[PDB]
Each structure stands twice: as C-alpha cells, then as structure tokens.
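For reference, run_5.tsv is printed below; it contains TSV, C-alpha atoms and all ligand atoms.
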chain	number	residue	atom	x	y	z
E	1	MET	CA	9.50	-33.33	5.06
E	2	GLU	CA	7.43	-31.20	2.55
E	3	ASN	CA	10.43	-28.89	1.80
E	4	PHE	CA	12.69	-31.72	0.61
E	5	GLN	CA	12.65	-32.14	-3.18
E	6	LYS	CA	14.68	-34.09	-5.79
E	7	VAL	CA	14.92	-36.87	-3.14
E	8	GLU	CA	16.91	-39.84	-4.35
E	9	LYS	CA	18.11	-42.90	-2.49
E	10	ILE	CA	21.93	-43.08	-2.24
E	11	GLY	CA	22.48	-45.73	0.51
E	12	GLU	CA	20.68	-48.48	2.41
E	13	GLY	CA	21.08	-51.13	5.15
E	14	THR	CA	18.67	-53.12	7.38
E	15	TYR	CA	18.62	-50.25	9.94
E	16	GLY	CA	19.20	-47.04	7.85
E	17	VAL	CA	18.34	-45.56	4.46
E	18	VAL	CA	20.20	-42.46	3.16
E	19	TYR	CA	19.00	-39.95	0.57
E	20	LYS	CA	20.22	-36.86	-1.21
E	21	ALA	CA	17.72	-34.06	-1.19
E	22	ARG	CA	17.48	-30.39	-1.88
E	23	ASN	CA	15.56	-28.10	0.36
E	24	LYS	CA	13.32	-26.21	-2.22
E	25	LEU	CA	12.94	-23.24	0.18
E	26	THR	CA	16.46	-22.65	1.55
E	27	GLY	CA	18.29	-24.15	-1.44
E	28	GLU	CA	20.47	-26.15	1.03
E	29	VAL	CA	21.59	-29.49	-0.45
E	30	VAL	CA	21.44	-32.29	2.15
E	31	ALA	CA	21.79	-35.91	2.94
E	32	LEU	CA	18.95	-37.49	4.92
E	33	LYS	CA	19.35	-40.61	7.02
E	34	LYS	CA	16.06	-42.25	7.75
E	35	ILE	CA	15.70	-44.35	10.96
E	36	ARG	CA	12.49	-46.29	11.85
E	37	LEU	CA	11.28	-45.81	15.45
E	38	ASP	CA	9.98	-48.89	17.46
E	39	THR	CA	7.84	-48.67	20.61
E	40	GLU	CA	9.73	-46.77	23.42
E	41	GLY	CA	13.25	-47.29	30.93
E	42	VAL	CA	16.18	-47.54	28.44
E	43	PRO	CA	17.25	-44.76	25.97
E	44	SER	CA	16.04	-45.06	22.26
E	45	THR	CA	19.21	-46.14	20.42
E	46	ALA	CA	19.33	-43.27	17.75
E	47	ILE	CA	20.26	-40.94	20.60
E	48	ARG	CA	23.84	-42.29	20.51
E	49	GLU	CA	24.46	-41.21	16.90
E	50	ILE	CA	22.96	-37.75	17.50
E	51	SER	CA	24.99	-37.34	20.72
E	52	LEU	CA	28.29	-38.27	19.04
E	53	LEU	CA	27.68	-35.97	16.05
E	54	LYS	CA	26.86	-33.10	18.34
E	55	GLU	CA	29.93	-33.73	20.50
E	56	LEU	CA	32.21	-34.21	17.46
E	57	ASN	CA	31.49	-30.91	15.72
E	58	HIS	CA	34.63	-30.21	13.75
E	59	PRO	CA	35.62	-29.09	10.24
E	60	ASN	CA	36.69	-32.69	9.24
E	61	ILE	CA	33.70	-34.51	10.73
E	62	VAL	CA	30.40	-34.88	8.85
E	63	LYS	CA	27.96	-32.24	10.04
E	64	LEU	CA	24.53	-33.01	11.45
E	65	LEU	CA	22.24	-30.04	10.68
E	66	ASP	CA	18.82	-31.15	11.99
E	67	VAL	CA	16.66	-34.07	13.30
E	68	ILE	CA	13.10	-34.37	11.99
E	69	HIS	CA	10.57	-36.61	13.73
E	70	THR	CA	7.64	-37.44	11.41
E	71	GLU	CA	5.20	-40.35	11.88
E	72	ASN	CA	7.30	-43.34	13.12
E	73	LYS	CA	10.44	-42.02	11.38
E	74	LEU	CA	13.40	-39.93	12.35
E	75	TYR	CA	15.37	-38.18	9.63
E	76	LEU	CA	18.89	-37.04	10.46
E	77	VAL	CA	19.69	-34.14	8.10
E	78	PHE	CA	23.37	-33.77	7.13
E	79	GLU	CA	25.31	-31.26	5.05
E	80	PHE	CA	25.74	-33.01	1.67
E	81	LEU	CA	29.23	-34.05	0.58
E	82	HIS	CA	29.80	-34.80	-3.13
E	83	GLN	CA	31.23	-38.31	-2.81
E	84	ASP	CA	33.26	-40.81	-0.87
E	85	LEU	CA	36.99	-41.45	-1.09
E	86	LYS	CA	36.44	-44.86	-2.59
E	87	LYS	CA	34.69	-43.30	-5.59
E	88	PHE	CA	37.35	-40.62	-5.84
E	89	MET	CA	40.12	-43.26	-5.80
E	90	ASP	CA	38.38	-45.21	-8.59
E	91	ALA	CA	37.85	-42.06	-10.69
E	92	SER	CA	41.53	-41.05	-10.16
E	93	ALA	CA	43.12	-44.49	-10.80
E	94	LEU	CA	44.29	-43.84	-14.36
E	95	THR	CA	46.33	-40.77	-13.35
E	96	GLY	CA	46.68	-41.20	-9.57
E	97	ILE	CA	45.68	-38.67	-6.96
E	98	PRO	CA	48.28	-35.82	-7.03
E	99	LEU	CA	50.65	-35.90	-4.06
E	100	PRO	CA	49.71	-32.41	-2.78
E	101	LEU	CA	46.08	-33.68	-2.52
E	102	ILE	CA	46.99	-36.98	-0.87
E	103	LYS	CA	48.95	-34.88	1.66
E	104	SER	CA	46.06	-32.43	2.26
E	105	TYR	CA	43.60	-35.28	2.67
E	106	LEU	CA	45.85	-37.25	5.09
E	107	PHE	CA	46.48	-34.03	7.13
E	108	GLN	CA	42.74	-33.28	7.35
E	109	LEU	CA	41.90	-36.87	8.26
E	110	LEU	CA	44.54	-36.71	11.00
E	111	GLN	CA	42.97	-33.48	12.31
E	112	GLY	CA	39.46	-35.06	12.47
E	113	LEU	CA	40.86	-38.19	14.09
E	114	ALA	CA	42.96	-36.27	16.62
E	115	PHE	CA	39.74	-34.49	17.64
E	116	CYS	CA	37.87	-37.79	18.13
E	117	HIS	CA	40.75	-39.21	20.07
E	118	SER	CA	40.99	-36.15	22.31
E	119	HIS	CA	37.34	-36.88	23.25
E	120	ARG	CA	38.23	-40.56	23.85
E	121	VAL	CA	36.16	-41.60	20.90
E	122	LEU	CA	37.44	-44.36	18.62
E	123	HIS	CA	36.23	-44.53	15.01
E	124	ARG	CA	37.08	-48.29	14.66
E	125	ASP	CA	36.00	-48.67	11.05
E	126	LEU	CA	37.96	-46.16	9.01
E	127	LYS	CA	37.88	-46.99	5.28
E	128	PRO	CA	37.48	-45.06	2.01
E	129	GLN	CA	33.71	-45.60	2.02
E	130	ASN	CA	33.49	-43.85	5.40
E	131	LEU	CA	35.41	-40.73	4.22
E	132	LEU	CA	33.54	-37.99	2.37
E	133	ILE	CA	34.95	-35.22	0.14
E	134	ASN	CA	33.42	-32.00	-1.08
E	135	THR	CA	34.13	-29.91	-4.15
E	136	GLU	CA	36.27	-27.43	-2.18
E	137	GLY	CA	39.13	-29.80	-1.09
E	138	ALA	CA	37.81	-30.81	2.35
E	139	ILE	CA	37.59	-34.40	3.47
E	140	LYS	CA	35.50	-35.50	6.46
E	141	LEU	CA	35.11	-38.51	8.72
E	142	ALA	CA	31.80	-40.28	8.60
E	143	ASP	CA	30.36	-43.63	9.62
E	144	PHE	CA	28.01	-44.78	6.84
E	145	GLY	CA	27.20	-48.04	8.67
E	146	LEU	CA	23.44	-48.67	8.10
E	147	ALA	CA	23.26	-52.24	9.57
E	148	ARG	CA	22.49	-51.12	13.20
E	149	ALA	CA	22.33	-48.16	15.68
E	150	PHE	CA	25.52	-46.68	17.19
E	151	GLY	CA	26.36	-48.24	20.63
E	152	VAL	CA	32.41	-56.10	6.37
E	153	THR	CA	35.80	-55.30	4.82
E	154	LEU	CA	38.81	-56.37	6.81
E	155	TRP	CA	41.30	-54.43	4.71
E	156	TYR	CA	41.93	-51.59	7.22
E	157	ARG	CA	41.76	-53.75	10.32
E	158	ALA	CA	44.67	-53.37	12.80
E	159	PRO	CA	46.73	-56.55	13.52
E	160	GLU	CA	45.92	-56.48	17.26
E	161	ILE	CA	42.19	-56.84	16.47
E	162	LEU	CA	42.96	-59.75	14.16
E	163	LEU	CA	45.03	-61.29	16.94
E	164	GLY	CA	42.14	-61.21	19.47
E	165	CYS	CA	42.81	-58.09	21.63
E	166	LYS	CA	39.94	-57.44	24.04
E	167	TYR	CA	40.80	-53.69	24.44
E	168	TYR	CA	40.92	-51.47	21.32
E	169	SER	CA	43.15	-48.35	21.57
E	170	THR	CA	43.27	-45.20	19.48
E	171	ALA	CA	46.04	-46.97	17.54
E	172	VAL	CA	43.51	-49.07	15.64
E	173	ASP	CA	42.38	-45.93	13.74
E	174	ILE	CA	46.01	-44.91	12.99
E	175	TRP	CA	46.58	-48.30	11.38
E	176	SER	CA	43.45	-47.92	9.15
E	177	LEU	CA	44.63	-44.50	8.13
E	178	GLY	CA	48.12	-45.77	7.25
E	179	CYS	CA	46.50	-48.33	4.95
E	180	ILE	CA	44.38	-45.56	3.34
E	181	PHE	CA	47.48	-43.40	2.87
E	182	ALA	CA	49.25	-46.28	1.12
E	183	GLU	CA	46.19	-46.90	-1.07
E	184	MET	CA	46.00	-43.24	-2.22
E	185	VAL	CA	49.67	-43.42	-3.26
E	186	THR	CA	49.83	-46.82	-4.99
E	187	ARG	CA	46.30	-46.84	-6.36
E	188	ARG	CA	45.68	-50.29	-4.82
E	189	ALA	CA	44.55	-51.55	-1.43
E	190	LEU	CA	47.58	-52.37	0.70
E	191	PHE	CA	46.14	-55.46	2.46
E	192	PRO	CA	43.10	-56.64	0.53
E	193	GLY	CA	42.26	-59.77	2.58
E	194	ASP	CA	39.04	-61.79	2.19
E	195	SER	CA	39.03	-63.44	5.67
E	196	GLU	CA	40.69	-63.01	9.05
E	197	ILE	CA	43.61	-65.34	8.36
E	198	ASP	CA	44.15	-64.09	4.77
E	199	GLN	CA	44.15	-60.53	6.09
E	200	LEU	CA	46.64	-61.34	8.88
E	201	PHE	CA	48.98	-63.23	6.55
E	202	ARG	CA	48.88	-60.41	3.97
E	203	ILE	CA	50.10	-58.10	6.74
E	204	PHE	CA	52.78	-60.64	7.86
E	205	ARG	CA	54.04	-61.17	4.30
E	206	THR	CA	54.49	-57.42	3.67
E	207	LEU	CA	55.72	-56.25	7.07
E	208	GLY	CA	57.28	-59.56	8.27
E	209	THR	CA	55.87	-61.89	10.88
E	210	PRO	CA	56.08	-60.07	14.20
E	211	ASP	CA	57.99	-61.49	17.18
E	212	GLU	CA	58.55	-60.48	20.83
E	213	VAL	CA	61.33	-58.04	19.88
E	214	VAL	CA	59.19	-56.05	17.43
E	215	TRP	CA	56.00	-56.45	19.48
E	216	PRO	CA	56.41	-57.38	23.14
E	217	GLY	CA	53.34	-59.42	24.09
E	218	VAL	CA	52.57	-60.63	20.52
E	219	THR	CA	53.12	-64.32	21.31
E	220	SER	CA	50.70	-64.08	24.24
E	221	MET	CA	47.73	-62.73	22.29
E	222	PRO	CA	44.49	-64.73	22.30
E	223	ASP	CA	44.62	-65.85	18.63
E	224	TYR	CA	48.43	-65.91	18.16
E	225	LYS	CA	49.81	-69.33	17.10
E	226	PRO	CA	53.45	-70.26	17.33
E	227	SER	CA	52.93	-72.34	14.17
E	228	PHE	CA	52.18	-69.10	12.19
E	229	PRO	CA	54.04	-68.58	8.90
E	230	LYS	CA	57.35	-66.75	9.30
E	231	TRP	CA	58.05	-64.12	6.66
E	232	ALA	CA	60.93	-61.60	6.82
E	233	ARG	CA	59.95	-57.89	6.28
E	234	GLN	CA	59.83	-56.62	2.63
E	235	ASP	CA	61.79	-53.63	1.31
E	236	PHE	CA	59.39	-50.77	2.21
E	237	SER	CA	60.74	-48.88	-0.76
E	238	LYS	CA	59.12	-51.59	-2.91
E	239	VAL	CA	55.88	-51.51	-0.82
E	240	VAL	CA	55.16	-47.85	-1.71
E	241	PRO	CA	57.54	-47.06	-4.59
E	242	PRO	CA	56.15	-43.60	-5.27
E	243	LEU	CA	56.61	-42.32	-1.68
E	244	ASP	CA	59.69	-40.20	-0.81
E	245	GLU	CA	61.70	-40.66	2.43
E	246	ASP	CA	59.44	-38.34	4.53
E	247	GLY	CA	56.38	-40.19	3.30
E	248	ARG	CA	57.88	-43.65	3.95
E	249	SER	CA	58.92	-42.63	7.45
E	250	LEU	CA	55.43	-41.40	8.36
E	251	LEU	CA	53.78	-44.45	6.93
E	252	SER	CA	56.15	-46.86	8.76
E	253	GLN	CA	55.19	-45.15	12.01
E	254	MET	CA	51.44	-45.53	11.24
E	255	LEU	CA	52.02	-49.19	10.52
E	256	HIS	CA	54.16	-50.11	13.57
E	257	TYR	CA	52.95	-53.55	14.77
E	258	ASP	CA	53.04	-52.56	18.45
E	259	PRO	CA	49.94	-50.40	19.23
E	260	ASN	CA	51.95	-48.73	21.97
E	261	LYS	CA	54.69	-47.65	19.52
E	262	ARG	CA	52.33	-46.63	16.68
E	263	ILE	CA	52.44	-42.92	16.07
E	264	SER	CA	49.57	-40.84	17.43
E	265	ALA	CA	47.31	-38.55	15.38
E	266	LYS	CA	48.62	-35.42	17.06
E	267	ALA	CA	52.27	-36.43	16.55
E	268	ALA	CA	51.60	-37.45	12.93
E	269	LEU	CA	50.42	-33.90	12.26
E	270	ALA	CA	53.90	-32.63	13.22
E	271	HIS	CA	55.74	-35.06	10.90
E	272	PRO	CA	58.03	-33.32	8.32
E	273	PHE	CA	55.87	-34.84	5.57
E	274	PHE	CA	53.28	-32.13	6.31
E	275	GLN	CA	55.65	-29.17	6.34
E	276	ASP	CA	54.61	-27.95	2.87
E	277	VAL	CA	50.93	-29.00	3.15
E	278	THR	CA	48.37	-26.96	1.14
E	279	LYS	CA	44.68	-27.34	0.27
E	280	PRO	CA	44.29	-28.37	-3.41
E	281	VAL	CA	40.78	-28.62	-4.92
E	282	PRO	CA	39.98	-32.00	-6.44
E	283	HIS	CA	38.94	-32.09	-10.13
E	284	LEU	CA	35.38	-33.59	-9.90
E	301	LIG	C1	32.49	-46.93	17.30
E	301	LIG	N1	32.57	-45.53	16.79
E	301	LIG	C2	32.14	-44.54	17.82
E	301	LIG	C3	32.34	-43.11	17.25
E	301	LIG	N2	31.60	-42.96	15.96
E	301	LIG	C4	31.49	-41.54	15.53
E	301	LIG	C5	30.40	-41.33	14.44
E	301	LIG	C6	29.14	-41.91	14.68
E	301	LIG	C7	28.09	-41.77	13.77
E	301	LIG	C8	28.30	-41.00	12.61
E	301	LIG	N3	27.22	-40.93	11.71
E	301	LIG	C9	27.34	-40.75	10.38
E	301	LIG	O1	28.43	-40.55	9.82
E	301	LIG	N4	26.18	-40.82	9.69
E	301	LIG	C10	26.04	-40.60	8.30
E	301	LIG	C11	27.12	-40.67	7.42
E	301	LIG	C12	26.92	-40.43	6.06
E	301	LIG	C13	25.63	-40.11	5.60
E	301	LIG	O2	25.43	-39.87	4.25
E	301	LIG	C14	25.93	-38.70	3.70
E	301	LIG	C15	26.21	-37.53	4.44
E	301	LIG	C16	26.70	-36.42	3.74
E	301	LIG	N5	26.88	-36.53	2.40
E	301	LIG	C17	26.60	-37.66	1.72
E	301	LIG	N6	26.80	-37.77	0.39
E	301	LIG	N7	26.13	-38.74	2.37
E	301	LIG	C18	24.54	-40.02	6.47
E	301	LIG	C19	24.75	-40.29	7.81
E	301	LIG	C20	29.56	-40.42	12.35
E	301	LIG	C21	30.61	-40.57	13.26
E	301	LIG	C22	31.98	-39.92	12.94
E	301	LIG	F1	31.98	-39.15	11.84
E	301	LIG	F2	32.36	-39.15	13.99
E	301	LIG	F3	32.91	-40.87	12.70
E	301	LIG	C23	31.93	-43.99	14.92
E	301	LIG	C24	31.75	-45.40	15.55
E	302	LIG	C1	58.75	-68.16	4.24
E	302	LIG	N1	57.54	-69.00	4.07
E	302	LIG	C2	56.45	-68.58	4.99
E	302	LIG	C3	55.16	-69.38	4.66
E	302	LIG	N2	55.42	-70.84	4.77
E	302	LIG	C4	54.22	-71.69	4.66
E	302	LIG	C5	53.30	-71.68	5.91
E	302	LIG	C6	53.90	-71.98	7.15
E	302	LIG	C7	53.17	-72.02	8.35
E	302	LIG	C8	51.79	-71.73	8.33
E	302	LIG	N3	51.08	-71.81	9.56
E	302	LIG	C9	49.77	-71.60	9.83
E	302	LIG	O1	48.95	-71.27	8.98
E	302	LIG	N4	49.40	-71.82	11.11
E	302	LIG	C10	48.13	-71.68	11.72
E	302	LIG	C11	47.18	-70.76	11.24
E	302	LIG	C12	45.94	-70.63	11.90
E	302	LIG	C13	45.64	-71.42	13.02
E	302	LIG	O2	44.42	-71.18	13.65
E	302	LIG	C14	43.24	-71.90	13.59
E	302	LIG	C15	43.07	-73.00	12.73
E	302	LIG	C16	41.82	-73.64	12.78
E	302	LIG	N5	40.86	-73.21	13.64
E	302	LIG	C17	41.06	-72.15	14.45
E	302	LIG	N6	40.09	-71.73	15.30
E	302	LIG	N7	42.25	-71.50	14.42
E	302	LIG	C18	46.59	-72.34	13.51
E	302	LIG	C19	47.83	-72.46	12.86
E	302	LIG	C20	51.17	-71.44	7.10
E	302	LIG	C21	51.90	-71.41	5.87
E	302	LIG	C22	51.14	-71.04	4.57
E	302	LIG	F1	49.79	-70.92	4.72
E	302	LIG	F2	51.60	-69.83	4.16
E	302	LIG	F3	51.34	-71.93	3.55
E	302	LIG	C23	56.53	-71.31	3.88
E	302	LIG	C24	57.82	-70.48	4.14

What does the file become when written as structure tokens?
Ligand SMILES: CN1CCN(Cc2ccc(NC(=O)Nc3ccc(Oc4ccnc(N)n4)cc3)cc2C(F)(F)F)CC1
Ligand SMILES: CN1CCN(Cc2ccc(NC(=O)Nc3ccc(Oc4ccnc(N)n4)cc3)cc2C(F)(F)F)CC1
Amino acid sequence: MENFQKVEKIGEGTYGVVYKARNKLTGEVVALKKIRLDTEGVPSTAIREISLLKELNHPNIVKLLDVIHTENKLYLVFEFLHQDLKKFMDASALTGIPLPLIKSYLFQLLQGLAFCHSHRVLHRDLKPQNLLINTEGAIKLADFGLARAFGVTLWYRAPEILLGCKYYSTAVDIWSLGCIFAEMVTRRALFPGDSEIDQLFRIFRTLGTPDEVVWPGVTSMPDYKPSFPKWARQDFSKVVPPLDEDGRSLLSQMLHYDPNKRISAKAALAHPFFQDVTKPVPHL
C-alpha cells in the first residue's frame, strides 16, 4: 500500500472499511475497501464480491480496478466516484435536480440494472446511498453494505418482500428504482417508513390497498391479513405533481403492485419518457 497517499476514511461497518486515496505515482484517485482475512474446504467469502464485480463490468456499475493482499488484509481498489445520490439529493433540495438530469440518471440506472438482470443478478438493496455519481454526469450502481460479505432502510423495499414472498424477482429492483425516481422529482422520499408495517401501510395509503383484481395472489401471501386497512388509490397527479404524463406513466409501471406486471428494465428504457434523453453534467 506504499503508493496510496492522502488516505482518509469515508465509510465503515463491522465487516468493511472504505477509504479515499490517491495513488502518488499514477495520480489515479481511488476508493479502497479494506476486508480482514480470517484463517482459511470452503471458499473465502470475499471471492463473491470480486467475482460479481468482475462479471458486472459495465459503464453504470462501480469499477473494481485491483485487489491487494497485504498482511491479513485485502484491499479492493475501486475507481473513485465523487459522491452518492443521497448527498446529491440533499445538496440539490433547495432548487431540485433539473429534469434533464433526473432523466439521464434514471436512464443510466436502468441500463446498469438491465445488465445485472440479464446476468440473473438481483441488486436487492437499491437506494440513494448505493448509487454513486461522478463529475461528468455518470451514475453507477454500487453496494456499499459493510456489515457482511456478499453471499437498514425499508424505504425502497418492494411490497412483495414486505408481504413475505420467499422468491425475489428482478421486479424488486424496479420497485426501488421507481421510489428513487419519485424522490428525485419531489425532493422527498416517497415511502419513508420506520418499520415493516409502517412501510407497508404508507404504500397502501398512497397506491390503495391491493386486492385480488389488482394483484392476483395478494390475499394468499404469507404475511397478508384480511383485516388490513383498506385505502382507495390517491390521485397520482398529486403523488408526483411535477411529473408530466410520460413521467407519470413510466412511474406507475415501475410501481405496479403485481411483480409480474411491473415493467422490466429493458422495456423501461424504451418508454417515451426517454425519447429526448441527454447527458447533463451535475453542478458539484
Ligand atoms: C444481492 N446482490 C447480489 C449482486 N450484488 C452486486 C454487487 C456486489 C458488490 C458490490 N460491491 C461494491 O459496490 N463495493 C463498494 C462500493 C462502494 C465503495 O466505495 C466507493 C467506491 C467508489 N467511490 C466512492 N466514493 N466510494 C467501495 C466498495 C457491487 C455490486 C453492484 F454494483 F453490482 F451492485 C449486490 C447484492
Ligand atoms: C380508510 N381508512 C383505512 C384505515 N382505517 C383504520 C385501520 C383499519 C384496519 C387496520 N388493520 C390492521 O392493522 N390489521 C393488521 C395489521 C397487522 C397484523 O399483523 C400482525 C400483528 C401482530 N403480530 C404479527 N406477527 N402480525 C394483523 C392485522 C389498521 C388501521 C389503522 F392502523 F390504519 F388505524 C380506517 C379507515
């Protein structure tokens, strides 16, 4: 690690620590994720993260550059991205993120997610803190979980998970992304729940309590209760007042209750909302 200078801690959990560093020789600016190695016939669990990053090489996925084994430590070296979308949303809350940028970011996120999904990989925890932007207008998927190896906000959690589904589909990530879309536009989290029930009922109150017509199978899910509160769906025009027709349409398809009817990543990319998509640079 002798070439890494200006090293400063930027993240930490029980399993990982993350730093910003600058290679003093190459000038490359990097993020370093430190993992402690235990005693090693079962594969060492850091291999999963490395494998996924290698497999998911893509312009809108965080880029693993190197792996450095030193003492009883492994350092994953990443290309450095300026900040996360959460920080960008907070910095842009007075004025809002311009619509051309929201559109570019949603498009890019859909491209990264379509790539994951084409490899049968589910993200499962999409949220602003797991999305990284650079100075040049790109946004990239990451998973900044530092609690454990690859192998808790509920705000972006799909309703089927909340209702006890044993099998997650690619639709769970589309739901999370719909919520993120809405949040970019309104400047506030769409479903900011503080527990499983509060989260579920926030969804029901905005979108209406689902029934067998809207979501065949809903009443048979493990944690469904026929005594659930019954709300009628709100005017979606009032849910995301700033969004135009094309925007509302796309969002309503990302937020379809039925995971089998929820729009896919690939099909979202062809929505008319994206017809005039460009690549604006954020002001940072
Ligand atoms: C169940 N799911 C299975 C598939 N998984 C894929 C998966 C798995 C692991 C990872 N790892 C990961 O981002 N590390 C990771 C993320 C951020 C980080 O810190 C950085 C990096 C760059 N700049 C700045 N400022 N700070 C360091 C290190 C990333 C993904 C991704 F991007 F594809 F989503 C997600 C989980
Ligand atoms: C239009 N309006 C809709 C809302 N209405 C009130 C209303 C009506 C019905 C309900 N029903 C409801 O929480 N059931 C309900 C919720 C959870 C549950 O699951 C549990 C409980 C304990 N342990 C475990 N493991 N699992 C069982 C059962 C809750 C409300 C509330 F909270 F909003 F006040 C008034 C009229």

**OP:** Neighbourhood query: residues within 12 Å of (47.1, -67.4, 18.8), file coordinates, counting all atoms listed in the file; return as a PyMOL selection string.
**Re:** chain E and resi 160-165+197+200+217-228

**OP:** Determine, counting only C-alpha atoms, every residue of protein, DNA or RNA that lies within 8 Å of (32.7, -32.8, 3.4) in the file coordinates, then give the result as an MDAnalysis selection string.
**Re:** chainID E and resid 60:62 79:82 132:134 138:140

Original post:
Quick one: residues within 10 Å of segment 111-119 of chain E, only C-alpha atoms counted, chain neighbours fewer than 4 positions away excluded, as a PyMOL selection string?
Top reply: chain E and resi 52+55-62+105-107+123+126+139-141+169-171+173-174+177+264-269

I need the chosen residues saved as a short mmCIF file (atom, residue, chain, number, x, y, z; two decimals), keeping the file's coordinate frame, with C-alpha atoms.
data_model
loop_
_atom_site.label_atom_id
_atom_site.label_comp_id
_atom_site.auth_asym_id
_atom_site.auth_seq_id
_atom_site.Cartn_x
_atom_site.Cartn_y
_atom_site.Cartn_z
CA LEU E 52 28.29 -38.27 19.04
CA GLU E 55 29.93 -33.73 20.50
CA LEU E 56 32.21 -34.21 17.46
CA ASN E 57 31.49 -30.91 15.72
CA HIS E 58 34.63 -30.21 13.75
CA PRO E 59 35.62 -29.09 10.24
CA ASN E 60 36.69 -32.69 9.24
CA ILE E 61 33.70 -34.51 10.73
CA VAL E 62 30.40 -34.88 8.85
CA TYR E 105 43.60 -35.28 2.67
CA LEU E 106 45.85 -37.25 5.09
CA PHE E 107 46.48 -34.03 7.13
CA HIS E 123 36.23 -44.53 15.01
CA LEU E 126 37.96 -46.16 9.01
CA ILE E 139 37.59 -34.40 3.47
CA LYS E 140 35.50 -35.50 6.46
CA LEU E 141 35.11 -38.51 8.72
CA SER E 169 43.15 -48.35 21.57
CA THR E 170 43.27 -45.20 19.48
CA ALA E 171 46.04 -46.97 17.54
CA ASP E 173 42.38 -45.93 13.74
CA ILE E 174 46.01 -44.91 12.99
CA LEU E 177 44.63 -44.50 8.13
CA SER E 264 49.57 -40.84 17.43
CA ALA E 265 47.31 -38.55 15.38
CA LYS E 266 48.62 -35.42 17.06
CA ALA E 267 52.27 -36.43 16.55
CA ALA E 268 51.60 -37.45 12.93
CA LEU E 269 50.42 -33.90 12.26
#

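Considering the residues E:22, E:248, E:34, E:124 and counting all atoms listed in the file, ligand LIG 301 (chain E) has its shortest atom-to-atom contact with E:124.
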
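Between atom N6 of ligand LIG 301 (chain E) and atom CA of residue 172 of chain E lies a distance of 25.3 Å.
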
Original post:
Quick one: of E:215, E:201, E:88, E:257, who's nearest to residue 230 of chain E, counting only C-alpha atoms?
Top reply: E:201

Original post:
Residues at most 10 Å from residue 68 of chain E, counting all atoms listed in the file, excluding those fewer than 6 positions away in the same chain, as a PyMOL selection string?
Top reply: chain E and resi 1+32+34+74-77

Include C-alpha atoms and write out the residues we just selected as a PDB file, in the frame of the given file.
ATOM      1  CA  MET E   1       9.500 -33.330   5.060  1.00  0.00           C
ATOM      2  CA  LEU E  32      18.950 -37.490   4.920  1.00  0.00           C
ATOM      3  CA  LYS E  34      16.060 -42.250   7.750  1.00  0.00           C
ATOM      4  CA  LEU E  74      13.400 -39.930  12.350  1.00  0.00           C
ATOM      5  CA  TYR E  75      15.370 -38.180   9.630  1.00  0.00           C
ATOM      6  CA  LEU E  76      18.890 -37.040  10.460  1.00  0.00           C
ATOM      7  CA  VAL E  77      19.690 -34.140   8.100  1.00  0.00           C
TER       8      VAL E  77
END

Subject >> atom CA of residue 143 of chain E to atom CA of residue 54 of chain E, straight-line distance in Å >> reply: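 Pair atom CA of residue 54 of chain E / atom CA of residue 143 of chain E returns 14.1 Å.
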
Original post:
Out of E:262, E:24, E:33, E:73, which residue has the shortest atom-to-atom distance to residue 11 of chain E when counting only C-alpha atoms?
Top reply: E:33

Subject >> Interatomic distance (Å, one decimal) between atom CA of residue 283 of chain E and atom CA of residue 87 of chain E >> reply: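 The value is 12.8 Å.
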
**OP:** Would you please work out which residue, of E:37, E:89, E:67, E:99, is nearest to ligand LIG 301 (chain E) when using only C-alpha atoms and all ligand atoms?
**Re:**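 Result for the nearest residue to ligand LIG 301 (chain E): E:67.
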
Test item: axis-aligned box, all listed atoms of segment 195-198 of chain E, 3 Å on each side, centre and edges in Å rounded to one decimal, as AutoDock Vina command-line options:
--center_x 41.6 --center_y -64.2 --center_z 6.9 --size_x 11.1 --size_y 8.3 --size_z 10.3

**OP:** Choose the residue, out of E:120, E:256, E:233, E:36, that has the smallest atom-to-atom separation from ligand LIG 301 (chain E); count all atoms listed in the file.
**Re:** E:120

Subject >> Exercise: segment 276-281 of chain E partners within 6 Å, only C-alpha atoms, chain neighbours under 3 positions left out, as a VMD selection string >> reply: chain E and resid 101 104 136 to 137

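Distances to ligand LIG 301 (chain E) were evaluated for E:243, E:270, E:18, E:254 using all atoms listed in the file, and the minimum falls at E:18.
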
Original post:
Residues at most 9 Å from segment 144-147 of chain E, counting all atoms listed in the file, excluding those fewer than 6 positions away in the same chain, as JSON, numbers by chain?
Top reply: {"E": [11, 12, 13, 14, 15, 16, 17, 18, 129, 130, 131]}

**OP:** Find the residues near residue 237 of chain E: any atom within 12 Å, counting only C-alpha atoms, skip ones fewer than 4 places away on the same chain, and give them as a PyMOL selection string.
**Re:** chain E and resi 182+186+206-207+233+241-249+251-252
